[PDB]
Amino acid sequence: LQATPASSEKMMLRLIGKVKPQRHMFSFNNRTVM
Amino acid sequence: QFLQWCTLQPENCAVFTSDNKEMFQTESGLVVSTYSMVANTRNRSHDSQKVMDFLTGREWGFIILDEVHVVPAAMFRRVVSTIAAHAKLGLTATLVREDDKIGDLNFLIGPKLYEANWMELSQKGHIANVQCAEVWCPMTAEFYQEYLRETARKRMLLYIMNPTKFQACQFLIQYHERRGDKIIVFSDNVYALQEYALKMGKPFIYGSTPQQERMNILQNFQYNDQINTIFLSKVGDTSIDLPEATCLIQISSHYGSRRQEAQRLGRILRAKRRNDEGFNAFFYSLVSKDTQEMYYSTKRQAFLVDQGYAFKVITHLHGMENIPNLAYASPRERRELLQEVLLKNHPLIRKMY
Amino acid sequence: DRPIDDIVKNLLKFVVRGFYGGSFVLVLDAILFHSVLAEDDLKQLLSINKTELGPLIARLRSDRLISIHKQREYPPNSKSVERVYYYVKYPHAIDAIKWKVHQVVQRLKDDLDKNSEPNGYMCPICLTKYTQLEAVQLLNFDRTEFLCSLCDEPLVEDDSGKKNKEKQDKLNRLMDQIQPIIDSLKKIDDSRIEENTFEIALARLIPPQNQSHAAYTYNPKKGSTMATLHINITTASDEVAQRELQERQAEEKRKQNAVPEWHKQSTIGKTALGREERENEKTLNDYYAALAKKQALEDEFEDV
Amino acid sequence: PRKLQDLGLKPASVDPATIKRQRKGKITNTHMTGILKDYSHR
Ligand SMILES: [Zn+2]
């Protein structure tokens, strides 16, 4: 899993799977929910 | 100290320095300063003159004289005369001086109150058990021949720059870095300090160094683990803030000064590992054999052996034969070092210029 | 989620269904469902006109029911039109509702007070009011009729004052219908209301459509002054291994705290420094078997 | 809010925002430049 900090303007989550690895690429609109 | 270990509100406390000159509005409080301002015979500023006049005109009941060994000096002897105080307290760690004027402290402060038993404090875990050792460094023939033909001022730099002491210091650094010991290497000669920093590759601090650089080196010593050896000049001998260390290497010193030995040894007396069982602090004094280092170090260790410490001699180090890095092993490099030491000693016209 | 949030949603729904028209109910329910909404979101969800939402948004802003946020963001096409976000300020909304209902009932009480006096006298030719206090000096010497100063016309009695019971019945019919409002504010005033804003309303948003032109992420500006749990399972065999590790850090700590060889020993005596049972157990098991037979877009990342 | 308490009706709102609210110097260790790390905190 890959996350963004509070200093980032665009906040974004990355999920990398295991065996080509699958990538899921998620945008949440609130900091607390994220 | 006055803010944390005692219940003193900051309005009773004032600082009389160059940067800080405010003075307390209460009828009685605390002012902390250095001997240099009050005893200054030069022309002082108007604010400092007002502070000095207030100190002279206000009757003080008690004075704390930290590091009382500088009191019997030339102008500091007057700090008990310009300031009127009933009770005078002298607190220091080095009650020794080379001149007889140290024996005049009884005329300045009073009778000697209490002498601390250093073995009693060390065996109870209050201070670290320092292992006072003296590593002997023999002379090469050409260096010692050059030592016998020159004056004493060049002789000092000549016996400091012996390659045997370089090898011994490098081996001691290599040995004590593997053990996780924090190492401070003291040497008063600034050119010696620079040569050691160039040859070994460790940070060096002297008097005219930038202060931000000094703090950066200090926190790199305290926190960063790939720097465990710091080289310092006489600045670290005085009462300045230094990080905690367990190993000290004394390369050179300002002649036979007994005060400087205890001043340097008190840096490692406040080690963090004092609560650990079997911990022994390390204090090595690198000396050049058959030279005036022997005389000066024997004079210097007199106060420490009077306190009780035993300086064990070390003439052989196991690891010189199979050392990885050999400093000045080749004879030509030793000679090159030898001649290096010998060679050491109108608003419009303004644009036209 | 919060029962108090459901309660204040019921407050807003009931007041807009009672004192406002159907389109106001539609926009207020749209804002209550999806917490933060822009103008294009309303125009997509409700198929509403700008001229149709004009009076609605104006009335709901004048009554402090819908809060407007004037944030503009930076889309990838950079066409930063000044989108307005419609959300709800729950303490402001409940304060506005309470103030409005209190002012309505106080104005009705004042109307009842001004209806409590006697009727008075009207002049219909000049259409002029006359109270009982000021009609005293307009009588004739005949002592028969109230004569006006201007029209010199026989005055007639007002029908006001006799409508006192009608206004009382109006108060009765208002008060029992507003009883759910009072009962709900009894629970609201006994509870704690958090002050929400656009950032707070962003935490509970519902997406209105798939592709929203307005970005809901807040863009701050400079100069605006307006953990893990891991377990170790050992099958009663590796305890000796952990004790071997423990004694190994013990012995390396004692080695690193040991005195050096030149300290514990004098170095002056040396030179100066310078430059098979498997078949057995198988036959055993065979014997026991025989015996038993016998007896039986990319950004920067951190790993979290 | 400051008159709702005067009218006896207890407000359920906090007071809104309209109510008053709150060098570089020389380096001498030039032969080891870049190996020292900055430490701005303990
Ligand atoms: Zn009329």
# chains A, B, ... in the order shown; residues from 1 in each chain; ligands from 1
>>> residues_near_ligand(ligand="ligand 1", cutoff="9 Å", atoms="only C-alpha atoms and all ligand atoms", output="list in words")
residues 122, 123, 124, 125, 126, 127, 128, 148, 149, 150, 151, 152, 153, 154 and 155 of chain C
>>> write_last_selection(atoms="N, CA and C atoms", output="short mmCIF file (atom, residue, chain, number, x, y, z; two decimals), in the first residue's frame")
data_model
loop_
_atom_site.label_atom_id
_atom_site.label_comp_id
_atom_site.auth_asym_id
_atom_site.auth_seq_id
_atom_site.Cartn_x
_atom_site.Cartn_y
_atom_site.Cartn_z
N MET C 122 -64.56 53.71 11.53
CA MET C 122 -63.97 53.85 10.21
C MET C 122 -64.73 54.91 9.41
N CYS C 123 -64.01 55.68 8.61
CA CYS C 123 -64.65 56.57 7.65
C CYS C 123 -64.43 56.01 6.25
N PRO C 124 -65.47 55.48 5.59
CA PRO C 124 -65.25 54.80 4.30
C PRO C 124 -65.09 55.73 3.11
N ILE C 125 -65.59 56.96 3.18
CA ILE C 125 -65.39 57.89 2.07
C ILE C 125 -63.94 58.32 1.97
N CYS C 126 -63.35 58.72 3.10
CA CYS C 126 -61.93 59.04 3.16
C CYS C 126 -61.07 57.83 3.49
N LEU C 127 -61.69 56.69 3.83
CA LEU C 127 -60.99 55.45 4.20
C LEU C 127 -60.01 55.68 5.35
N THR C 128 -60.45 56.40 6.37
CA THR C 128 -59.58 56.79 7.47
C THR C 128 -59.93 56.05 8.75
N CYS C 148 -66.92 62.98 10.66
CA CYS C 148 -65.51 63.15 10.31
C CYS C 148 -65.16 64.62 10.17
N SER C 149 -63.87 64.93 10.36
CA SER C 149 -63.41 66.31 10.23
C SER C 149 -63.35 66.74 8.77
N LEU C 150 -62.92 65.84 7.89
CA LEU C 150 -62.78 66.16 6.47
C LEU C 150 -64.07 65.88 5.70
N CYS C 151 -64.52 64.63 5.71
CA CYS C 151 -65.65 64.23 4.87
C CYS C 151 -66.99 64.67 5.43
N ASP C 152 -67.07 64.93 6.74
CA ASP C 152 -68.32 65.19 7.46
C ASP C 152 -69.34 64.08 7.20
N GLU C 153 -68.86 62.84 7.32
CA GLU C 153 -69.59 61.64 6.96
C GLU C 153 -69.90 60.81 8.21
N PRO C 154 -71.08 60.18 8.26
CA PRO C 154 -71.38 59.25 9.37
C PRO C 154 -70.42 58.08 9.40
N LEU C 155 -69.65 57.99 10.49
CA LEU C 155 -68.65 56.95 10.63
C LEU C 155 -69.31 55.60 10.90
#
>>> residues_around(residues="residue 16 of chain A", least_positions_apart="2", cutoff="12 Å", atoms="only C-alpha atoms", output="list in words")
residues 1, 2, 3, 13, 14, 18, 19, 20, 21, 22, 23, 24, 25 and 26 of chain A; 303 of chain C
>>> closest_residue(among="B:151, B:222, B:25, B:33", to="residue 41 of chain D", atoms="only C-alpha atoms")
B:222
>>> interface_residues(of="chain D", to="chain B", cutoff="12 Å", atoms="only C-alpha atoms", output="PyMOL selection string")
chain D and resi 23-33+35-42
>>> residues_around(residues="residue 135 of chain B", least_positions_apart="2", cutoff="7 Å", atoms="only C-alpha atoms", output="list in words")
residues 133, 137, 284, 285, 286, 287, 313, 314 and 315 of chain B
>>> interface_residues(of="chain A", to="chain C", cutoff="10 Å", atoms="only C-alpha atoms", output="PyMOL selection string")
chain A and resi 1-5+8-14+25+28-34
>>> closest_atom_pairs(of="chain C", to="chain D", cutoff="10 Å", atoms="only C-alpha atoms", output="CSV")
residue,atom,partner,partner_atom,distance
C:90,CA,D:13,CA,8.6
C:91,CA,D:13,CA,4.9
C:92,CA,D:13,CA,7.1
C:93,CA,D:13,CA,9.6
C:94,CA,D:12,CA,7.7
C:95,CA,D:13,CA,7.0
C:98,CA,D:11,CA,8.8
C:99,CA,D:4,CA,8.8
C:102,CA,D:9,CA,9.5
C:185,CA,D:12,CA,9.0
C:188,CA,D:12,CA,7.1
C:189,CA,D:12,CA,5.6
C:190,CA,D:12,CA,8.6
C:191,CA,D:12,CA,8.1
C:192,CA,D:12,CA,7.1
C:193,CA,D:12,CA,6.3
C:194,CA,D:13,CA,8.0
C:195,CA,D:14,CA,7.0
C:226,CA,D:17,CA,9.6
>>> decode(residues="segment 3-41 of chain D", atoms="N, CA and C atoms", output="PDB file, in the first residue's frame")
ATOM      1  N   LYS D   3     -28.108  37.562  22.606  1.00  0.00           N
ATOM      2  CA  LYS D   3     -29.428  37.970  23.063  1.00  0.00           C
ATOM      3  C   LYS D   3     -30.402  36.811  23.205  1.00  0.00           C
ATOM      4  N   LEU D   4     -30.076  35.628  22.670  1.00  0.00           N
ATOM      5  CA  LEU D   4     -30.922  34.461  22.900  1.00  0.00           C
ATOM      6  C   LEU D   4     -30.945  34.081  24.375  1.00  0.00           C
ATOM      7  N   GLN D   5     -29.796  34.181  25.049  1.00  0.00           N
ATOM      8  CA  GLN D   5     -29.761  33.956  26.490  1.00  0.00           C
ATOM      9  C   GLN D   5     -30.514  35.044  27.247  1.00  0.00           C
ATOM     10  N   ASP D   6     -30.570  36.259  26.695  1.00  0.00           N
ATOM     11  CA  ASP D   6     -31.352  37.326  27.310  1.00  0.00           C
ATOM     12  C   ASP D   6     -32.850  37.078  27.187  1.00  0.00           C
ATOM     13  N   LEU D   7     -33.290  36.454  26.095  1.00  0.00           N
ATOM     14  CA  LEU D   7     -34.696  36.119  25.909  1.00  0.00           C
ATOM     15  C   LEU D   7     -35.094  34.823  26.601  1.00  0.00           C
ATOM     16  N   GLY D   8     -34.154  34.131  27.241  1.00  0.00           N
ATOM     17  CA  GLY D   8     -34.451  32.918  27.969  1.00  0.00           C
ATOM     18  C   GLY D   8     -34.448  31.651  27.144  1.00  0.00           C
ATOM     19  N   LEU D   9     -34.284  31.754  25.829  1.00  0.00           N
ATOM     20  CA  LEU D   9     -34.218  30.586  24.961  1.00  0.00           C
ATOM     21  C   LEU D   9     -32.757  30.196  24.782  1.00  0.00           C
ATOM     22  N   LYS D  10     -32.382  29.041  25.318  1.00  0.00           N
ATOM     23  CA  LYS D  10     -30.985  28.620  25.305  1.00  0.00           C
ATOM     24  C   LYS D  10     -30.554  28.250  23.891  1.00  0.00           C
ATOM     25  N   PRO D  11     -29.541  28.906  23.330  1.00  0.00           N
ATOM     26  CA  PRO D  11     -29.090  28.548  21.983  1.00  0.00           C
ATOM     27  C   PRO D  11     -28.361  27.215  21.969  1.00  0.00           C
ATOM     28  N   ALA D  12     -28.422  26.550  20.818  1.00  0.00           N
ATOM     29  CA  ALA D  12     -27.692  25.313  20.580  1.00  0.00           C
ATOM     30  C   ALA D  12     -26.540  25.527  19.604  1.00  0.00           C
ATOM     31  N   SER D  13     -25.992  26.740  19.574  1.00  0.00           N
ATOM     32  CA  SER D  13     -24.956  27.112  18.626  1.00  0.00           C
ATOM     33  C   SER D  13     -23.815  27.818  19.341  1.00  0.00           C
ATOM     34  N   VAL D  14     -22.592  27.539  18.895  1.00  0.00           N
ATOM     35  CA  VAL D  14     -21.432  28.291  19.350  1.00  0.00           C
ATOM     36  C   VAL D  14     -21.399  29.633  18.619  1.00  0.00           C
ATOM     37  N   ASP D  15     -20.680  30.598  19.189  1.00  0.00           N
ATOM     38  CA  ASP D  15     -20.649  31.941  18.614  1.00  0.00           C
ATOM     39  C   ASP D  15     -19.912  31.929  17.276  1.00  0.00           C
ATOM     40  N   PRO D  16     -20.520  32.450  16.201  1.00  0.00           N
ATOM     41  CA  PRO D  16     -19.848  32.456  14.893  1.00  0.00           C
ATOM     42  C   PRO D  16     -18.673  33.419  14.806  1.00  0.00           C
ATOM     43  N   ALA D  17     -18.078  33.512  13.614  1.00  0.00           N
ATOM     44  CA  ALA D  17     -16.843  34.260  13.414  1.00  0.00           C
ATOM     45  C   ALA D  17     -17.021  35.771  13.508  1.00  0.00           C
ATOM     46  N   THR D  18     -18.254  36.281  13.448  1.00  0.00           N
ATOM     47  CA  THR D  18     -18.461  37.723  13.560  1.00  0.00           C
ATOM     48  C   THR D  18     -18.141  38.215  14.968  1.00  0.00           C
ATOM     49  N   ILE D  19     -18.476  37.416  15.983  1.00  0.00           N
ATOM     50  CA  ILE D  19     -18.036  37.686  17.347  1.00  0.00           C
ATOM     51  C   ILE D  19     -16.514  37.552  17.405  1.00  0.00           C
ATOM     52  N   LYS D  20     -15.884  38.405  18.222  1.00  0.00           N
ATOM     53  CA  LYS D  20     -14.428  38.501  18.311  1.00  0.00           C
ATOM     54  C   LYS D  20     -13.782  37.160  18.649  1.00  0.00           C
ATOM     55  N   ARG D  21     -12.769  36.794  17.865  1.00  0.00           N
ATOM     56  CA  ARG D  21     -12.078  35.523  18.007  1.00  0.00           C
ATOM     57  C   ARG D  21     -10.639  35.692  17.542  1.00  0.00           C
ATOM     58  N   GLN D  22      -9.770  34.794  17.999  1.00  0.00           N
ATOM     59  CA  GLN D  22      -8.352  34.866  17.661  1.00  0.00           C
ATOM     60  C   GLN D  22      -8.085  34.325  16.258  1.00  0.00           C
ATOM     61  N   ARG D  23      21.123  32.024   8.420  1.00  0.00           N
ATOM     62  CA  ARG D  23      22.324  32.604   7.828  1.00  0.00           C
ATOM     63  C   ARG D  23      23.318  31.510   7.451  1.00  0.00           C
ATOM     64  N   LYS D  24      24.145  31.786   6.445  1.00  0.00           N
ATOM     65  CA  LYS D  24      25.141  30.841   5.958  1.00  0.00           C
ATOM     66  C   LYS D  24      26.526  31.457   6.089  1.00  0.00           C
ATOM     67  N   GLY D  25      27.469  30.681   6.624  1.00  0.00           N
ATOM     68  CA  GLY D  25      28.827  31.141   6.823  1.00  0.00           C
ATOM     69  C   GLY D  25      29.836  30.183   6.214  1.00  0.00           C
ATOM     70  N   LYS D  26      31.107  30.491   6.456  1.00  0.00           N
ATOM     71  CA  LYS D  26      32.195  29.681   5.933  1.00  0.00           C
ATOM     72  C   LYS D  26      32.301  28.359   6.689  1.00  0.00           C
ATOM     73  N   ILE D  27      32.892  27.369   6.024  1.00  0.00           N
ATOM     74  CA  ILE D  27      33.106  26.041   6.586  1.00  0.00           C
ATOM     75  C   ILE D  27      34.597  25.738   6.535  1.00  0.00           C
ATOM     76  N   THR D  28      35.168  25.357   7.679  1.00  0.00           N
ATOM     77  CA  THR D  28      36.597  25.086   7.764  1.00  0.00           C
ATOM     78  C   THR D  28      36.960  23.640   7.456  1.00  0.00           C
ATOM     79  N   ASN D  29      36.042  22.696   7.659  1.00  0.00           N
ATOM     80  CA  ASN D  29      36.292  21.295   7.318  1.00  0.00           C
ATOM     81  C   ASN D  29      35.981  21.045   5.840  1.00  0.00           C
ATOM     82  N   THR D  30      36.809  21.658   4.989  1.00  0.00           N
ATOM     83  CA  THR D  30      36.595  21.597   3.549  1.00  0.00           C
ATOM     84  C   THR D  30      36.985  20.252   2.951  1.00  0.00           C
ATOM     85  N   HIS D  31      37.766  19.446   3.666  1.00  0.00           N
ATOM     86  CA  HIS D  31      38.176  18.137   3.177  1.00  0.00           C
ATOM     87  C   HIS D  31      37.185  17.035   3.530  1.00  0.00           C
ATOM     88  N   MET D  32      36.085  17.369   4.200  1.00  0.00           N
ATOM     89  CA  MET D  32      35.013  16.419   4.488  1.00  0.00           C
ATOM     90  C   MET D  32      33.653  17.083   4.273  1.00  0.00           C
ATOM     91  N   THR D  33      33.566  17.914   3.238  1.00  0.00           N
ATOM     92  CA  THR D  33      32.325  18.619   2.937  1.00  0.00           C
ATOM     93  C   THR D  33      31.290  17.646   2.382  1.00  0.00           C
ATOM     94  N   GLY D  34      30.110  17.621   2.998  1.00  0.00           N
ATOM     95  CA  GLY D  34      29.011  16.796   2.546  1.00  0.00           C
ATOM     96  C   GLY D  34      28.757  15.547   3.362  1.00  0.00           C
ATOM     97  N   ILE D  35      29.690  15.144   4.227  1.00  0.00           N
ATOM     98  CA  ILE D  35      29.472  13.953   5.041  1.00  0.00           C
ATOM     99  C   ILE D  35      28.776  14.266   6.362  1.00  0.00           C
ATOM    100  N   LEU D  36      28.790  15.521   6.803  1.00  0.00           N
ATOM    101  CA  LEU D  36      28.109  15.901   8.032  1.00  0.00           C
ATOM    102  C   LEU D  36      26.628  16.121   7.757  1.00  0.00           C
ATOM    103  N   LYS D  37      25.782  15.583   8.628  1.00  0.00           N
ATOM    104  CA  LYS D  37      24.340  15.670   8.468  1.00  0.00           C
ATOM    105  C   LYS D  37      23.769  16.764   9.361  1.00  0.00           C
ATOM    106  N   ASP D  38      22.761  17.460   8.839  1.00  0.00           N
ATOM    107  CA  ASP D  38      22.090  18.499   9.604  1.00  0.00           C
ATOM    108  C   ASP D  38      21.258  17.883  10.723  1.00  0.00           C
ATOM    109  N   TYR D  39      21.257  18.546  11.880  1.00  0.00           N
ATOM    110  CA  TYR D  39      20.483  18.100  13.043  1.00  0.00           C
ATOM    111  C   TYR D  39      19.822  19.334  13.652  1.00  0.00           C
ATOM    112  N   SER D  40      18.603  19.623  13.205  1.00  0.00           N
ATOM    113  CA  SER D  40      17.830  20.751  13.709  1.00  0.00           C
ATOM    114  C   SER D  40      16.964  20.383  14.906  1.00  0.00           C
ATOM    115  N   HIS D  41      17.041  19.142  15.378  1.00  0.00           N
ATOM    116  CA  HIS D  41      16.246  18.695  16.511  1.00  0.00           C
ATOM    117  C   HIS D  41      17.029  17.639  17.276  1.00  0.00           C
TER     118      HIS D  41
END
